[PDB]
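K.L.:
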Amino acid sequence: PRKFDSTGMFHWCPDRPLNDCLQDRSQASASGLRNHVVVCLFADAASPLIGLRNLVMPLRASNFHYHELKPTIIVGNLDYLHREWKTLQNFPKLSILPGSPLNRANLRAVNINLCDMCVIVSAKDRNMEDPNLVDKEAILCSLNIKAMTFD
Amino acid sequence: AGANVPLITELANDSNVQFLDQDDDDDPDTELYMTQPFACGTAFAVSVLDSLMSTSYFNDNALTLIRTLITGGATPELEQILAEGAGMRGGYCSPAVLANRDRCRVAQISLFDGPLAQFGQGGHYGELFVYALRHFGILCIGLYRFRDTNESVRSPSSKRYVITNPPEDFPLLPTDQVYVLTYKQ
Ligand SMILES: [Ba+2]
């Protein structure tokens, strides 16, 4: 009863619209995400595509049982995720939380004290600024997450 | 009452302050203060904040005094609350946290009328200060006084300039206003 990709290498689900998995903070907190993978994606509405598929594709290998799948959830810009959903729609257990990942309310919603890993990817256009200021957002997010407190 | 409208223009470039008033007749090379607009509170330049980088170094407690005087208190816990991204939130708060509800605000009082009107009748500033502090817990910071005595002949305008903590024996015109650090309304 598990739908796999034609090659049999990856888990698969029928194509669904973005809102089929789009969630707000209330819905994200309602879902008891545990041992999942949070992806703090710093992207603009027109920032170049980075292919989040290549991040979720290895996460959905067929050698993992369906219950062994880590529920990946992406916290980032919503238009960029609209652009990425064309490729991201076929992976099960995926979820989307719009808004900036620097917002502490999001990280409270998608339980980040309980997540198995918190990727921090920046899709913004950089290296046109000072090289030391290129990763300002990623370092700020890392420090913000490391400075949080939970119960 | 076109010219009686109280307005505070904020200036990005301080050198433009000369254009705020025409009767000032001040030299263009004058600094930001000593100019009639800034000295009257009508103008305000962002450049002042740059000078706040200096004092906050020389006086450690300058910035925390400024913020308490200015921002309504802005308790650090409040920007911790705003740091959670949920925005400003709260409901019918308990009286325990309402204990700080009655703190010291800054306001203006008029010597034209009220319990302090007698000090405007040729009284001295120190008398008003001591009386207000002893009777109402009111701390008179300074004066807001007409640029020229409002007799419609000396100056028919409602223009006022600020005097920060005038001396003990400063005479008090009846039309002068007083900046106060009033407590409990
Ligand atoms: Ba002028």
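Protein sequence lines correspond, in order, to chains X and P. Everything in the first sequence is counted per my numbering, starting at 20 for the first residue and increasing by one. Everything in the second sequence is counted per my numbering, starting at 343 for the first residue and increasing by one. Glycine residues also receive a C-beta, built at the ideal position from the N, C-alpha and C atoms.
(1) Between which residues of its own chain and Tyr525(P) is the CB-CB distance below 6 Å, once the five residues before and five after are set aside?
(2) Anyone know if the C-beta pair for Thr491(P) and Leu515(P) falls short of 8 Å?
(3) Along the alpha helix (DSSP H) that carries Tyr467(P), what are the first and last residues, could you check?
(4) Judging by CA-CA distance, which residue of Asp144(X), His84(X) and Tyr99(X) is the nearest neighbour of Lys112(X)?
(5) Write down the C-beta distance between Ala387(P) and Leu374(P) rounded to the nearest angstrom, noting that I regard them as a contact closer than 8 Å.
(6) Restricting to Cα atoms, I'd like to know which of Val522(P), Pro508(P), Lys501(P) and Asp518(P) is closest to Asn346(P).
(7) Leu41(X) and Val75(X): beta carbons closer than 8 Å?
(8) Determine the chain P residues that contact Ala49(X) at a beta-carbon separation under 8 Å, and present them in chain order.
(9) Any residues whose CB sits closer than 5 Å to a heavy atom of ligand 1? List them in chain order?
(10) What does DSSP give as the partner residue(s) for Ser141(X) in the beta ladder?
(11) So if DSSP puts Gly95(X) in a beta bridge, which residue, or which two residues, is it bridged to?
(12) Report buried or exposed for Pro117(X), applying the criterion of at least 16 other Cβ atoms within 10 angstroms of its Cβ.
(13) Leaving out the 5 sequence neighbours to the left and right, which residues in its chain are closer than 6 Å to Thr377(P) when beta-carbon positions are compared?
(14) For the alpha helix (DSSP H) containing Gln46(X), name the first residue and the last one.
(15) Residues of the segment 429 to 445 of chain P with a CB closer than 9 Å to any CB of chain X: list them in chain order, please.
(16) By the DSSP assignment, the beta strand (DSSP E) with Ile505(P) in it spans what residues?
(17) Measuring only between beta-carbons, confirm whether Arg123(X) sits less than 8 Å from chain P.
(18) Rounded to whole angstroms, what's the CA-CA distance from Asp455(P) to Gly383(P)? Just pull it up for me.
(19) At the 8 Å Cβ level, is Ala425(P) part of the contact set with chain X, yes or no?
(20) Near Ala381(P), which residues of its chain fall below 6 Å by C-beta distance, leaving aside the five closest residues on each side in sequence?
(21) By a C-beta neighbour count over all protein chains shown, 10 Å radius and 16 as the cutoff for buried, is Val520(P) buried or exposed?
(22) Would the segment 67 to 74 of chain X and the segment 123 to 130 of chain X be scored as touching if the rule is three or more Cβ pairs under 8 Å?
(23) When we look at the beta-carbon of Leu391(P) and count the other beta-carbons within 10 Å, is it buried (16 or more) or exposed?
(24) From which residue to which residue does the beta strand (DSSP E) around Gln519(P) run?
(25) Please name the residue or residues paired with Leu485(P) in a DSSP beta bridge.
(26) Give me the Cα-Cα distance between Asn355(P) and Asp366(P), rounded to the nearest whole angstrom.
(27) Nearest-angstrom Cα distance between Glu419(P) and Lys143(X)?
(28) Indicate whether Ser161(X) and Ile139(X) have their beta-carbon atoms separated by less than 8 Å.
(29) I'd like to check one pair, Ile412(P) with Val522(P): are the Cβ atoms closer than 8 Å?
(30) Thinking just about the alpha-carbon of each residue, which of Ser50(X), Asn151(X) and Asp135(X) is nearest to the one in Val56(X)?
(31) Measuring alpha carbon to alpha carbon, tell me which residue in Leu121(X), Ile115(X), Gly27(X) and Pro33(X) is nearest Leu52(X).
P.N.:
In short:
(1) So the list reads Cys446 and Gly479, once near-sequence residues are dropped.
(2) yes
(3) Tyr467 to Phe478
(4) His84(X)
(5) 6 Å
(6) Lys501(P)
(7) no
(8) Result: empty, since nearest Cβ-Cβ is about 16 Å, beyond 8 Å.
(9) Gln360(P) and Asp366(P)
(10) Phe61(X)
(11) Per DSSP, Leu60(X) and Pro117(X).
(12) buried
(13) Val359 and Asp368
(14) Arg44 to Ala49
(15) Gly429
(16) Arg502 to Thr506
(17) yes
(18) 23 Å
(19) yes
(20) Residues of the same chain with a CB within less than 6 Å of the CB of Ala381(P), apart from the 5 flanking positions on each side, are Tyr503 in chain order.
(21) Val520(P) comes out buried.
(22) no
(23) Around the beta carbon of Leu391(P), a 10 Å sphere encloses fewer than 16 other beta carbons of the protein chains shown; the residue is thus reported as exposed.
(24) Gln519 to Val522
(25) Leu485(P) pairs with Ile505(P) and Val520(P).
(26) Between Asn355(P) and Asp366(P), the C-alpha separation is close to 18 Å.
(27) When only Cα atoms are considered, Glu419(P) and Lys143(X) end up about 32 Å apart.
(28) yes
(29) no
(30) When C-alpha distances from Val56(X) are compared across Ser50(X), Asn151(X) and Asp135(X), the shortest belongs to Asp135(X).
(31) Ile115(X)
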